[PDB]
Each structure stands twice: as C-alpha cells, then as structure tokens.
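Q: My file is final-v9.pdb. It has PDB, C-alpha atoms:
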```
ATOM      1  CA  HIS A   1       0.948  52.955  27.532
ATOM      2  CA  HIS A   2       3.674  51.266  25.562
ATOM      3  CA  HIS A   3       3.459  51.917  21.805
ATOM      4  CA  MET A   4       6.615  50.294  20.477
ATOM      5  CA  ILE A   5       6.947  48.231  17.375
ATOM      6  CA  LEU A   6       9.582  46.048  15.843
ATOM      7  CA  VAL A   7       9.897  45.956  12.048
ATOM      8  CA  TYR A   8      12.171  43.343  10.335
ATOM      9  CA  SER A   9      13.754  43.387   6.897
ATOM     10  CA  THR A  10      16.702  41.838   5.066
ATOM     11  CA  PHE A  11      19.341  43.452   2.816
ATOM     12  CA  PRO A  12      21.883  42.156   0.280
ATOM     13  CA  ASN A  13      24.902  43.195   2.322
ATOM     14  CA  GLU A  14      26.199  44.924   5.466
ATOM     15  CA  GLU A  15      26.807  48.269   3.860
ATOM     16  CA  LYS A  16      23.272  48.611   2.491
ATOM     17  CA  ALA A  17      21.748  47.536   5.776
ATOM     18  CA  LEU A  18      23.727  50.140   7.726
ATOM     19  CA  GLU A  19      23.208  52.812   5.080
ATOM     20  CA  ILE A  20      19.434  52.396   5.301
ATOM     21  CA  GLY A  21      19.494  52.234   9.111
ATOM     22  CA  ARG A  22      21.365  55.559   9.167
ATOM     23  CA  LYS A  23      18.969  57.192   6.649
ATOM     24  CA  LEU A  24      16.046  56.025   8.779
ATOM     25  CA  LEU A  25      17.642  57.563  11.888
ATOM     26  CA  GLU A  26      18.233  60.755   9.879
ATOM     27  CA  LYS A  27      14.562  60.907   8.925
ATOM     28  CA  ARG A  28      13.604  60.157  12.588
ATOM     29  CA  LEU A  29      11.489  57.198  11.602
ATOM     30  CA  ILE A  30      13.208  54.741  13.996
ATOM     31  CA  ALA A  31      14.951  55.144  17.345
ATOM     32  CA  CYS A  32      17.397  52.297  16.895
ATOM     33  CA  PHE A  33      18.378  49.465  14.557
ATOM     34  CA  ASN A  34      20.114  46.202  15.280
ATOM     35  CA  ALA A  35      21.572  44.392  12.223
ATOM     36  CA  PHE A  36      23.299  41.018  11.885
ATOM     37  CA  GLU A  37      24.524  38.654   9.260
ATOM     38  CA  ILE A  38      22.292  35.811   8.113
ATOM     39  CA  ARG A  39      22.185  32.954   5.703
ATOM     40  CA  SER A  40      18.980  32.659   3.818
ATOM     41  CA  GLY A  41      17.180  30.255   1.530
ATOM     42  CA  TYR A  42      14.133  30.659  -0.757
ATOM     43  CA  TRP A  43      12.815  29.795  -4.172
ATOM     44  CA  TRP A  44      14.036  31.926  -7.011
ATOM     45  CA  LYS A  45      13.127  31.266 -10.638
ATOM     46  CA  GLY A  46      12.312  27.589 -10.003
ATOM     47  CA  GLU A  47      15.301  26.718  -7.853
ATOM     48  CA  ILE A  48      16.035  26.702  -4.157
ATOM     49  CA  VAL A  49      18.825  29.230  -3.619
ATOM     50  CA  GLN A  50      21.128  29.914  -0.694
ATOM     51  CA  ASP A  51      22.035  33.514  -0.129
ATOM     52  CA  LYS A  52      24.031  35.617   2.298
ATOM     53  CA  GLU A  53      22.204  38.682   3.628
ATOM     54  CA  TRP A  54      22.047  41.150   6.524
ATOM     55  CA  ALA A  55      18.897  41.249   8.649
ATOM     56  CA  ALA A  56      17.803  44.337  10.638
ATOM     57  CA  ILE A  57      15.299  44.982  13.360
ATOM     58  CA  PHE A  58      14.112  48.553  13.507
ATOM     59  CA  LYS A  59      12.661  49.777  16.786
ATOM     60  CA  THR A  60      10.086  52.565  16.654
ATOM     61  CA  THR A  61       6.607  53.676  17.644
ATOM     62  CA  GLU A  62       3.299  52.655  16.073
ATOM     63  CA  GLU A  63       2.852  56.239  14.934
ATOM     64  CA  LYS A  64       5.868  55.898  12.628
ATOM     65  CA  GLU A  65       4.923  52.525  11.135
ATOM     66  CA  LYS A  66       3.355  53.843   7.921
ATOM     67  CA  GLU A  67       6.157  56.322   7.159
ATOM     68  CA  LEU A  68       8.722  53.620   7.956
ATOM     69  CA  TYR A  69       7.209  51.047   5.563
ATOM     70  CA  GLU A  70       6.922  53.643   2.797
ATOM     71  CA  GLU A  71      10.550  54.832   3.338
ATOM     72  CA  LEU A  72      11.969  51.290   3.495
ATOM     73  CA  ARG A  73       9.931  50.552   0.365
ATOM     74  CA  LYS A  74      11.564  53.423  -1.476
ATOM     75  CA  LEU A  75      15.104  52.714  -0.295
ATOM     76  CA  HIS A  76      15.041  48.945  -0.615
ATOM     77  CA  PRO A  77      17.162  47.410  -3.404
ATOM     78  CA  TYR A  78      14.913  44.324  -3.584
ATOM     79  CA  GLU A  79      11.899  44.491  -5.813
ATOM     80  CA  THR A  80       9.833  42.626  -3.168
ATOM     81  CA  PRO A  81      11.583  42.989   0.164
ATOM     82  CA  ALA A  82      10.628  41.219   3.361
ATOM     83  CA  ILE A  83       9.167  43.950   5.594
ATOM     84  CA  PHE A  84       6.973  42.880   8.517
ATOM     85  CA  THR A  85       6.122  43.973  12.062
ATOM     86  CA  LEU A  86       6.385  41.881  15.280
ATOM     87  CA  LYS A  87       4.072  42.523  18.186
ATOM     88  CA  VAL A  88       5.716  43.873  21.334
ATOM     89  CA  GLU A  89       3.891  43.085  24.596
ATOM     90  CA  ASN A  90       5.755  45.103  27.248
ATOM     91  CA  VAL A  91       8.698  47.458  27.387
ATOM     92  CA  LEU A  92      10.881  48.844  30.175
ATOM     93  CA  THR A  93       9.442  52.250  31.109
ATOM     94  CA  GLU A  94      12.657  54.288  30.852
ATOM     95  CA  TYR A  95      13.364  52.691  27.473
ATOM     96  CA  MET A  96       9.889  53.407  26.034
ATOM     97  CA  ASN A  97      10.367  57.048  27.091
ATOM     98  CA  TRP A  98      13.676  57.214  25.259
ATOM     99  CA  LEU A  99      12.104  55.542  22.155
ATOM    100  CA  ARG A 100       9.404  58.141  22.009
ATOM    101  CA  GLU A 101      11.838  61.042  22.420
ATOM    102  CA  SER A 102      14.164  59.601  19.719
ATOM    103  CA  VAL A 103      11.503  59.733  16.982
ATOM    104  CA  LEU A 104       9.758  62.994  17.908
TER
ATOM    105  CA  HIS B   1      -5.661  39.812   5.183
ATOM    106  CA  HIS B   2      -2.134  39.031   6.238
ATOM    107  CA  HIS B   3      -1.658  35.424   7.395
ATOM    108  CA  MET B   4       2.083  35.192   7.945
ATOM    109  CA  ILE B   5       3.837  33.494  10.779
ATOM    110  CA  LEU B   6       7.349  33.331  12.083
ATOM    111  CA  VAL B   7       8.571  30.073  13.633
ATOM    112  CA  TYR B   8      11.947  29.944  15.510
ATOM    113  CA  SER B   9      14.188  26.990  16.270
ATOM    114  CA  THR B  10      17.836  26.272  17.060
ATOM    115  CA  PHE B  11      20.209  23.644  15.615
ATOM    116  CA  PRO B  12      23.569  22.171  16.669
ATOM    117  CA  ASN B  13      25.463  23.589  13.709
ATOM    118  CA  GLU B  14      25.292  25.558  10.446
ATOM    119  CA  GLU B  15      25.071  22.564   8.183
ATOM    120  CA  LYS B  16      22.071  21.042   9.963
ATOM    121  CA  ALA B  17      20.277  24.363  10.072
ATOM    122  CA  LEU B  18      20.707  24.896   6.328
ATOM    123  CA  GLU B  19      19.944  21.268   5.517
ATOM    124  CA  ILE B  20      16.610  21.491   7.333
ATOM    125  CA  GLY B  21      15.812  24.902   5.824
ATOM    126  CA  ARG B  22      16.347  23.426   2.346
ATOM    127  CA  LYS B  23      14.208  20.327   3.101
ATOM    128  CA  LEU B  24      11.451  22.622   4.356
ATOM    129  CA  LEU B  25      11.627  24.666   1.137
ATOM    130  CA  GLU B  26      11.539  21.393  -0.825
ATOM    131  CA  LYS B  27       8.382  20.319   0.989
ATOM    132  CA  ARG B  28       6.899  23.840   0.441
ATOM    133  CA  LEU B  29       6.237  24.315   4.120
ATOM    134  CA  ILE B  30       8.076  27.673   4.364
ATOM    135  CA  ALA B  31       8.720  30.484   1.894
ATOM    136  CA  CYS B  32      12.031  31.579   3.351
ATOM    137  CA  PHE B  33      14.458  30.951   6.210
ATOM    138  CA  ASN B  34      16.989  33.241   7.802
ATOM    139  CA  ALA B  35      19.666  31.512   9.943
ATOM    140  CA  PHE B  36      22.480  32.926  12.077
ATOM    141  CA  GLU B  37      25.034  31.832  14.578
ATOM    142  CA  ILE B  38      24.265  32.105  18.282
ATOM    143  CA  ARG B  39      25.731  31.377  21.643
ATOM    144  CA  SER B  40      23.373  29.727  24.017
ATOM    145  CA  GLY B  41      23.116  28.810  27.671
ATOM    146  CA  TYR B  42      20.756  26.478  29.586
ATOM    147  CA  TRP B  43      20.672  23.852  32.277
ATOM    148  CA  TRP B  44      21.721  20.395  31.258
ATOM    149  CA  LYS B  45      21.988  17.504  33.704
ATOM    150  CA  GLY B  46      22.369  19.801  36.731
ATOM    151  CA  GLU B  47      24.870  22.237  35.273
ATOM    152  CA  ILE B  48      24.661  25.508  33.414
ATOM    153  CA  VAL B  49      26.191  24.880  29.988
ATOM    154  CA  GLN B  50      27.347  27.210  27.238
ATOM    155  CA  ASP B  51      26.791  26.003  23.726
ATOM    156  CA  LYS B  52      27.297  27.196  20.175
ATOM    157  CA  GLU B  53      24.262  26.792  17.910
ATOM    158  CA  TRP B  54      22.577  28.121  14.765
ATOM    159  CA  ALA B  55      19.177  29.788  15.100
ATOM    160  CA  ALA B  56      16.642  29.982  12.232
ATOM    161  CA  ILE B  57      13.498  31.936  11.605
ATOM    162  CA  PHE B  58      11.152  30.282   9.168
ATOM    163  CA  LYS B  59       8.629  32.490   7.401
ATOM    164  CA  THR B  60       5.361  30.908   6.290
ATOM    165  CA  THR B  61       1.583  31.079   6.430
ATOM    166  CA  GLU B  62      -0.692  30.051   9.297
ATOM    167  CA  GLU B  63      -2.065  27.300   7.085
ATOM    168  CA  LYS B  64       1.340  25.586   7.077
ATOM    169  CA  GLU B  65       2.004  25.871  10.816
ATOM    170  CA  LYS B  66       0.892  22.354  11.771
ATOM    171  CA  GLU B  67       2.760  20.615   8.932
ATOM    172  CA  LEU B  68       5.831  22.735   9.696
ATOM    173  CA  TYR B  69       5.918  21.821  13.409
ATOM    174  CA  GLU B  70       5.419  18.134  12.614
ATOM    175  CA  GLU B  71       8.173  18.195   9.915
ATOM    176  CA  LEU B  72      10.647  20.111  12.104
ATOM    177  CA  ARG B  73       9.799  17.640  14.873
ATOM    178  CA  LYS B  74      10.727  14.716  12.664
ATOM    179  CA  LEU B  75      13.903  16.252  11.255
ATOM    180  CA  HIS B  76      15.226  17.793  14.447
ATOM    181  CA  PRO B  77      18.346  16.195  15.977
ATOM    182  CA  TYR B  78      17.415  17.429  19.473
ATOM    183  CA  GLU B  79      15.153  15.264  21.541
ATOM    184  CA  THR B  80      13.291  18.385  22.782
ATOM    185  CA  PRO B  81      13.960  21.200  20.349
ATOM    186  CA  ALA B  82      12.944  24.807  20.816
ATOM    187  CA  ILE B  83      10.141  25.371  18.284
ATOM    188  CA  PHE B  84       7.823  28.344  18.822
ATOM    189  CA  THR B  85       5.827  30.874  16.797
ATOM    190  CA  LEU B  86       6.022  34.711  17.006
ATOM    191  CA  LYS B  87       3.008  36.835  16.224
ATOM    192  CA  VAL B  88       3.283  39.007  13.119
ATOM    193  CA  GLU B  89       1.121  42.156  13.133
ATOM    194  CA  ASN B  90       1.483  43.582   9.609
ATOM    195  CA  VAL B  91       3.307  42.697   6.428
ATOM    196  CA  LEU B  92       4.145  44.561   3.222
ATOM    197  CA  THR B  93       1.439  43.664   0.689
ATOM    198  CA  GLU B  94       3.714  42.599  -2.182
ATOM    199  CA  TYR B  95       5.713  40.450   0.237
ATOM    200  CA  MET B  96       2.654  38.688   1.722
ATOM    201  CA  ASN B  97       1.578  37.872  -1.852
ATOM    202  CA  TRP B  98       4.961  36.341  -2.591
ATOM    203  CA  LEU B  99       4.851  34.366   0.724
ATOM    204  CA  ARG B 100       1.537  32.859  -0.176
ATOM    205  CA  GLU B 101       2.646  31.924  -3.699
ATOM    206  CA  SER B 102       5.899  30.366  -2.367
ATOM    207  CA  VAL B 103       4.090  27.790  -0.203
ATOM    208  CA  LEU B 104       1.159  26.941  -2.488
TER
ATOM    209  CA  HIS C   1      -1.788  26.346  27.973
ATOM    210  CA  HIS C   2       1.431  27.805  26.682
ATOM    211  CA  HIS C   3       2.834  30.584  28.893
ATOM    212  CA  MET C   4       6.179  31.346  27.285
ATOM    213  CA  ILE C   5       7.682  34.724  26.718
ATOM    214  CA  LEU C   6      10.614  36.101  24.830
ATOM    215  CA  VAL C   7      12.480  39.088  26.283
ATOM    216  CA  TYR C   8      15.141  40.943  24.182
ATOM    217  CA  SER C   9      18.015  43.138  25.300
ATOM    218  CA  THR C  10      21.385  44.341  24.019
ATOM    219  CA  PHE C  11      24.792  44.457  25.754
ATOM    220  CA  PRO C  12      28.099  46.244  25.089
ATOM    221  CA  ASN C  13      30.034  43.056  24.412
ATOM    222  CA  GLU C  14      29.976  39.244  24.283
ATOM    223  CA  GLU C  15      31.350  38.705  27.740
ATOM    224  CA  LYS C  16      28.729  40.862  29.462
ATOM    225  CA  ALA C  17      25.926  39.269  27.495
ATOM    226  CA  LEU C  18      27.025  35.757  28.473
ATOM    227  CA  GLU C  19      27.780  36.770  32.052
ATOM    228  CA  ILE C  20      24.244  38.098  32.495
ATOM    229  CA  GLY C  21      22.700  35.093  30.725
ATOM    230  CA  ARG C  22      24.525  32.792  33.161
ATOM    231  CA  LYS C  23      23.475  34.855  36.226
ATOM    232  CA  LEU C  24      19.881  34.716  35.000
ATOM    233  CA  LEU C  25      20.101  30.922  34.647
ATOM    234  CA  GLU C  26      21.620  30.787  38.147
ATOM    235  CA  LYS C  27      18.694  32.750  39.559
ATOM    236  CA  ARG C  28      16.262  30.499  37.580
ATOM    237  CA  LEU C  29      14.620  33.455  35.916
ATOM    238  CA  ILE C  30      15.070  32.126  32.345
ATOM    239  CA  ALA C  31      15.272  28.636  30.863
ATOM    240  CA  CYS C  32      17.550  29.530  27.983
ATOM    241  CA  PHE C  33      19.289  32.441  26.264
ATOM    242  CA  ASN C  34      20.415  32.839  22.692
ATOM    243  CA  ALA C  35      22.932  35.668  22.058
ATOM    244  CA  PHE C  36      24.488  36.976  18.842
ATOM    245  CA  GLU C  37      26.588  39.807  17.596
ATOM    246  CA  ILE C  38      24.913  42.877  16.129
ATOM    247  CA  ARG C  39      25.693  46.233  14.679
ATOM    248  CA  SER C  40      23.558  48.999  15.984
ATOM    249  CA  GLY C  41      22.770  52.625  15.280
ATOM    250  CA  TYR C  42      20.978  55.320  17.329
ATOM    251  CA  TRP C  43      21.168  58.939  18.335
ATOM    252  CA  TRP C  44      23.558  59.769  21.108
ATOM    253  CA  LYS C  45      24.217  63.318  22.285
ATOM    254  CA  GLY C  46      23.047  64.869  18.997
ATOM    255  CA  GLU C  47      24.822  62.529  16.612
ATOM    256  CA  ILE C  48      23.945  59.311  14.857
ATOM    257  CA  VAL C  49      26.367  56.691  16.174
ATOM    258  CA  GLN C  50      27.267  53.212  14.983
ATOM    259  CA  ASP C  51      28.017  50.702  17.674
ATOM    260  CA  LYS C  52      28.910  47.044  18.008
ATOM    261  CA  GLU C  53      26.835  45.123  20.558
ATOM    262  CA  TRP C  54      25.596  41.655  21.526
ATOM    263  CA  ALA C  55      21.854  40.987  21.463
ATOM    264  CA  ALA C  56      20.170  38.272  23.580
ATOM    265  CA  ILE C  57      16.791  36.637  23.587
ATOM    266  CA  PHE C  58      15.814  35.201  26.929
ATOM    267  CA  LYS C  59      13.183  32.474  26.956
ATOM    268  CA  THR C  60      11.028  32.121  30.062
ATOM    269  CA  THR C  61       7.507  31.989  31.443
ATOM    270  CA  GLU C  62       5.115  34.890  32.004
ATOM    271  CA  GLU C  63       5.346  34.226  35.726
ATOM    272  CA  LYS C  64       9.031  35.202  35.685
ATOM    273  CA  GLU C  65       8.644  38.362  33.595
ATOM    274  CA  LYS C  66       8.622  40.849  36.483
ATOM    275  CA  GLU C  67      11.595  39.294  38.303
ATOM    276  CA  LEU C  68      13.468  39.074  34.994
ATOM    277  CA  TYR C  69      12.978  42.766  34.119
ATOM    278  CA  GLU C  70      13.989  43.832  37.628
ATOM    279  CA  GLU C  71      17.110  41.568  37.573
ATOM    280  CA  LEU C  72      18.172  42.666  34.073
ATOM    281  CA  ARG C  73      17.596  46.243  35.240
ATOM    282  CA  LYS C  74      19.976  45.770  38.139
ATOM    283  CA  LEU C  75      22.664  43.939  36.176
ATOM    284  CA  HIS C  76      22.570  46.043  33.032
ATOM    285  CA  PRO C  77      25.590  48.294  32.367
ATOM    286  CA  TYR C  78      23.485  50.710  30.283
ATOM    287  CA  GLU C  79      21.687  53.463  32.091
ATOM    288  CA  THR C  80      18.623  52.953  29.834
ATOM    289  CA  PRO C  81      18.837  49.494  28.321
ATOM    290  CA  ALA C  82      16.556  48.111  25.648
ATOM    291  CA  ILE C  83      14.421  45.499  27.437
ATOM    292  CA  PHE C  84      11.162  44.426  25.787
ATOM    293  CA  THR C  85       8.958  41.341  25.444
ATOM    294  CA  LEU C  86       7.759  39.675  22.190
ATOM    295  CA  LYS C  87       4.476  37.828  22.071
ATOM    296  CA  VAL C  88       4.715  34.076  21.526
ATOM    297  CA  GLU C  89       1.661  32.466  19.890
ATOM    298  CA  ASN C  90       2.338  28.712  20.086
ATOM    299  CA  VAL C  91       5.057  26.444  21.383
ATOM    300  CA  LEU C  92       5.937  22.778  20.893
ATOM    301  CA  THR C  93       4.395  20.875  23.817
ATOM    302  CA  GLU C  94       7.512  18.984  24.940
ATOM    303  CA  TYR C  95       9.493  22.229  24.807
ATOM    304  CA  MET C  96       6.972  24.241  26.872
ATOM    305  CA  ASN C  97       7.129  21.464  29.491
ATOM    306  CA  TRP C  98      10.904  21.712  29.623
ATOM    307  CA  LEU C  99      10.697  25.560  29.852
ATOM    308  CA  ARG C 100       8.426  25.353  32.829
ATOM    309  CA  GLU C 101      10.594  22.777  34.610
ATOM    310  CA  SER C 102      13.768  24.842  33.940
ATOM    311  CA  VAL C 103      12.501  27.898  35.849
ATOM    312  CA  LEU C 104      10.679  26.179  38.723
TER
END
```
Could I get this file's structure written as structure tokens?
A:
Amino acid sequence: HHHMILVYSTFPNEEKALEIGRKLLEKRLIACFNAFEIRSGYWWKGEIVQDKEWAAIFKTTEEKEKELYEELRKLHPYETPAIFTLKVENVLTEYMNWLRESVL
Amino acid sequence: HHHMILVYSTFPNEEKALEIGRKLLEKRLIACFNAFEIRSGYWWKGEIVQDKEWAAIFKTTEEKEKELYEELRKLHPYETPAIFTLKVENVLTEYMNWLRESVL
Amino acid sequence: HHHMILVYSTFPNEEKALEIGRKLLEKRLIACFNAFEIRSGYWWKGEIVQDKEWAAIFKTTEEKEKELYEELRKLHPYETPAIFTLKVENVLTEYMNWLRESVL
C-alpha cells in the first residue's frame, strides 16, 4: 500500500528554495526535497519573460498533501506560485517505509 | 476541475531549448516552461553514448496537448525526440486559473 | 498502446549516477537516462541535513520495471535508496517505438 506523493514548485532563488525545504522538514510535512536550478519562461504583464529559478520536488505521503499545500502557500514569495502534485505508481518497499516514518 | 498537464522533452543545447520554449509561449500552447541541464545516455548505432542535453517541462492544459505535440514535433531538431506527458493529480487553485488564462 | 514508465532515483555523485545509468543500458533494462545535479534535504540521525546528490530519470517499459528495481537495488550505494515510478499518460508514437526497440 504505497501512499507517496510528489509535489513540485519553483522559487526565485536557491536560498529561498532550501529555506522552505528545511522549514517543511522541520514541520514534518515532507520526508525529503530535491532542488535544482532551472531557466523558465512565461508571460508577465504582456511580455514573454525569461527567468532564472530553483525548482523543488517534495516527497511525502498523501496524508500530508493538504498541510503541505497550505504551508507552501503561506511561505511562498510568489503571489501565485506553481504548486502541483505528480502521481506516483510504485515505490521501493524499504523507501516507502522510511517515507512514512519521516513524516510521522 | 484541474486540467493541467506536464509534457517533457530534451534538446541538444540550452539555446534550442529556450528558443522552442519561447516559440511555444508565442503560439500560446504552454503557460510556462522550466528547463535544466542534463547528462544523458542511450544506445546510438550500436554503442552506448553519453551526451549533454537540456531537458524541459512544459506546463499546459489538456486541451492544448495535441497542438503542443504537433508543434514540438515540427520544431524539434531530433528525428525521434523524447516527448511524453506526466499525469498531474492536483494543482493549487489560483495557479490552475492562471494556467488556463495563459493559454487562452 | 503506450507502455512507458519513468523511474526516479538519487545518487551520491555524478560518477555513480552515470556508472549505474551505463550498466542499466548494458543490461538493456532502460532505453535512456537523464541525470542532473540536485541539492537535497532530509532527516538523518535526528538532524536535518543538506546534501548534494545527482538525480536520474530512467525511461523504460512496464515490462522491465521489476528487473530495473531489482538491478538498481543491487547497484545502489544507499542502504535505502529513493526508487519510485511516475505515471506516463501519453508518448509520441515514434519515440515509444524506439523505447521498445531499445530494451528488447
């Protein structure tokens, strides 16, 4: 009975990404984050902009999804941040056990 | 009623990845891209090769999926590019609203 | 009839990530890997730690999933590695054909 989720967001810089990751570990809402640098593009005020951001995947259980969204929402510098959940199909047994323990 | 998708592809270099991202924003087929550098490996002509590429995730709505595949297909330098769609489970409400508006 | 999967893991460094990718191509258990550098955070022995790792996505068919997990399990330096599978929804036809051929 795997119950893992993967939530993705982006952040304006490395420091903010890692700061939020750490706060989310402190609040036991995720078991792990993986962050990396990205280049981004989107419309902003009628122009296509290029930006430099940090992305993060947050690994946690379904049970924590609500609390995680609401905490990321409160911590997020962006007025409308990208926060979304990918579907996980299977997970190594030992790893799922460790995930669950890490967010209890 | 979330209707977001995530499409992934890889590109031979940073410039091509960003160039295509921008063209896809211009054609309103995606709301956002996030690109990053990757190392890759695969079989090519009977050998295992290591390569250096740029990956991109393209965020858009289901409604745009067909047009997006066909546009990436036409723009893609690779004869057989990796283009595939990940399933998104949930999405922050404000963000889904902005996604939809960005591709209208 | 797409039958592609995406399996994710993390590794202590670039060399190990690429070494395992290559061994997995040699054993024909994946068609392709894409690896990239990440910063990570998790609990370890009662503290929140920051780490520097390499992530990899491994692209393959459903048919190879079992063999892939068991091979990554045997090769993985971590005692409890993150190994999990994302659900793929659609895939470019030509690309799915190449995936299948690459792991036969």
Q: What do you get, as JSON, numbers by chain, if you spell out every residue that the ChimeraX specification (/C :<7) & /B selects here?
A: {"B": [37, 38, 39, 40, 41, 42, 80, 81, 82, 83, 84, 85, 86, 87]}
Q: Once you add 6 Å to each side, what are the centre and edge lengths of the axis-aligned box holding all listed atoms of segment 44-56 of chain C? One decimal in Å, as AutoDock Vina command-line options, if you can.
A:
```
--center_x 24.5 --center_y 51.6 --center_z 19.2 --size_x 20.7 --size_y 38.6 --size_z 20.7
```
Q: Just the number, please: distance in Å from atom CA of residue 51 of chain B to atom CA of residue 15 of chain C, one decimal.
A: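 Here the two named atoms are 14.1 Å from each other.
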Q: Please report the interatomic distance between atom CA of residue 65 of chain A and atom CA of residue 7 of chain A in Å with one decimal.
A: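 Separating atom CA of residue 65 of chain A from atom CA of residue 7 of chain A is a distance of 8.3 Å.
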Q: Determine the nearest neighbour of residue 10 of chain C from the options C:76, C:60, C:27, C:66, counting only C-alpha atoms.
A: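 Checking each of C:76, C:60, C:27, C:66 against residue 10 of chain C, counting only C-alpha atoms, the winner is C:76.
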Q: If I take atom CA of residue 67 of chain C and atom CA of residue 79 of chain C, how far is one from the other in Å, to one decimal?
A: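 Atom-to-atom, atom CA of residue 67 of chain C to atom CA of residue 79 of chain C, that is 18.5 Å.
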Q: Of the candidates A:2, A:78, A:11, A:19, which shows the shortest atom-to-atom distance to residue 48 of chain C, using only C-alpha atoms?
A: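 So, comparing all the options, the nearest one is A:19.
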Q: Here is a test: counting all atoms listed in the file, which residue of A:8, A:29, A:1, A:45 is nearest to residue 70 of chain A?
A: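 Comparing A:8, A:29, A:1, A:45 against residue 70 of chain A, the winner is A:29.
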Q: Please complete segment 40-56 of chain A with N, CA, C and O atoms and give it back as an mmCIF file, keeping the file's coordinate frame.
A:
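Produced file out-v5.cif, reproduced below:
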```cif
data_model
loop_
_atom_site.group_PDB
_atom_site.id
_atom_site.type_symbol
_atom_site.label_atom_id
_atom_site.label_comp_id
_atom_site.auth_asym_id
_atom_site.auth_seq_id
_atom_site.Cartn_x
_atom_site.Cartn_y
_atom_site.Cartn_z
ATOM 1 N N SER A 40 20.371 32.768 4.181
ATOM 2 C CA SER A 40 18.980 32.659 3.818
ATOM 3 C C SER A 40 18.792 31.615 2.748
ATOM 4 O O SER A 40 19.749 31.216 2.084
ATOM 5 N N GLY A 41 17.550 31.141 2.606
ATOM 6 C CA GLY A 41 17.180 30.255 1.530
ATOM 7 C C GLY A 41 15.735 30.510 1.141
ATOM 8 O O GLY A 41 14.919 30.818 1.999
ATOM 9 N N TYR A 42 15.455 30.420 -0.157
ATOM 10 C CA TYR A 42 14.133 30.659 -0.757
ATOM 11 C C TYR A 42 14.125 30.168 -2.186
ATOM 12 O O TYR A 42 15.169 29.868 -2.745
ATOM 13 N N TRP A 43 12.938 30.088 -2.776
ATOM 14 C CA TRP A 43 12.815 29.795 -4.172
ATOM 15 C C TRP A 43 13.066 31.046 -4.997
ATOM 16 O O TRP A 43 12.596 32.158 -4.684
ATOM 17 N N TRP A 44 13.826 30.869 -6.043
ATOM 18 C CA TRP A 44 14.036 31.926 -7.011
ATOM 19 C C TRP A 44 14.131 31.339 -8.382
ATOM 20 O O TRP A 44 15.036 30.558 -8.615
ATOM 21 N N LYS A 45 13.203 31.732 -9.276
ATOM 22 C CA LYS A 45 13.127 31.266 -10.638
ATOM 23 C C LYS A 45 13.199 29.738 -10.808
ATOM 24 O O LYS A 45 13.796 29.176 -11.930
ATOM 25 N N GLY A 46 12.522 29.053 -9.844
ATOM 26 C CA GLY A 46 12.312 27.589 -10.003
ATOM 27 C C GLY A 46 13.375 26.744 -9.320
ATOM 28 O O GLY A 46 13.378 25.524 -9.432
ATOM 29 N N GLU A 47 14.298 27.396 -8.638
ATOM 30 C CA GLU A 47 15.301 26.718 -7.853
ATOM 31 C C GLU A 47 15.336 27.186 -6.388
ATOM 32 O O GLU A 47 14.994 28.324 -6.047
ATOM 33 N N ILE A 48 15.758 26.296 -5.507
ATOM 34 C CA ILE A 48 16.035 26.702 -4.157
ATOM 35 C C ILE A 48 17.451 27.300 -4.143
ATOM 36 O O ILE A 48 18.428 26.668 -4.558
ATOM 37 N N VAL A 49 17.546 28.527 -3.692
ATOM 38 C CA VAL A 49 18.825 29.230 -3.619
ATOM 39 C C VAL A 49 19.239 29.442 -2.186
ATOM 40 O O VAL A 49 18.394 29.456 -1.289
ATOM 41 N N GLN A 50 20.550 29.455 -1.947
ATOM 42 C CA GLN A 50 21.128 29.914 -0.694
ATOM 43 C C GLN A 50 21.754 31.265 -0.937
ATOM 44 O O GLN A 50 22.318 31.541 -1.978
ATOM 45 N N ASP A 51 21.598 32.145 0.022
ATOM 46 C CA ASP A 51 22.035 33.514 -0.129
ATOM 47 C C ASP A 51 22.687 33.926 1.195
ATOM 48 O O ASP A 51 22.568 33.252 2.223
ATOM 49 N N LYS A 52 23.355 35.050 1.159
ATOM 50 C CA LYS A 52 24.031 35.617 2.298
ATOM 51 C C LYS A 52 23.503 37.016 2.384
ATOM 52 O O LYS A 52 23.618 37.769 1.413
ATOM 53 N N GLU A 53 22.863 37.359 3.491
ATOM 54 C CA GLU A 53 22.204 38.682 3.628
ATOM 55 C C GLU A 53 22.529 39.314 4.978
ATOM 56 O O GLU A 53 23.243 38.724 5.796
ATOM 57 N N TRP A 54 22.027 40.530 5.193
ATOM 58 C CA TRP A 54 22.047 41.150 6.524
ATOM 59 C C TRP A 54 20.610 41.404 6.948
ATOM 60 O O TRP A 54 19.833 42.007 6.202
ATOM 61 N N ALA A 55 20.259 40.967 8.153
ATOM 62 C CA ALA A 55 18.897 41.249 8.649
ATOM 63 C C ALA A 55 18.966 42.522 9.506
ATOM 64 O O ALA A 55 20.018 42.856 10.015
ATOM 65 N N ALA A 56 17.842 43.210 9.700
ATOM 66 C CA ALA A 56 17.803 44.337 10.638
ATOM 67 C C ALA A 56 16.450 44.382 11.325
ATOM 68 O O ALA A 56 15.422 44.103 10.686
#
```
